[PDB]
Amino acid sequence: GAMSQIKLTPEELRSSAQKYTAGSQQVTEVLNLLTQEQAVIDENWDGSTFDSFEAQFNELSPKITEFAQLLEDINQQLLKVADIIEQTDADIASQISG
């Protein structure tokens, strides 16, 4: 099971996790910023010139939100797994006598 299958240490799992949460946050910020820019362009440039970019942005936008959410979910899984593994090491050290 996992104790056999996982080769990353708790520390390695935590270092990987940090990359995912930082990327989640960065993606969210980009999307939030450019959502505002899209609205500014829409309001301050009358007509249909950017209608196709508007539709494409709006179609992709929820995928970007999902991606940010996925990256954060992965951070949480890796942190939780790291804690379970670290406690396993401690429990073997305390409970096993060999």
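Numbering starts at 1 and follows the sequence shown.
Asks: Comparing average C-alpha B factors as deposited, tell me which of 25-33 and 46-54 sits higher.
Replies: Comparing 25-33 with 46-54, the higher average CA B-factor belongs to 46-54.
Asks: Identify the stretch, either 81-89 or 6-14, whose C-alpha atoms have the larger mean B-factor according to the entry.
Replies: Here the higher of the two C-alpha B-factor means belongs to 6-14.
Asks: By its CA B factor, does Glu66 count among the lowest, middle or highest third of the modelled residues in the chain?
Replies: Its C-alpha B-factor, which the entry lists for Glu66, ranks in the middle third among residues of this chain.
Asks: Mind checking which third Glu72 falls in for C-alpha B-factor across the chain?
Replies: It falls in the bottom third of the chain.
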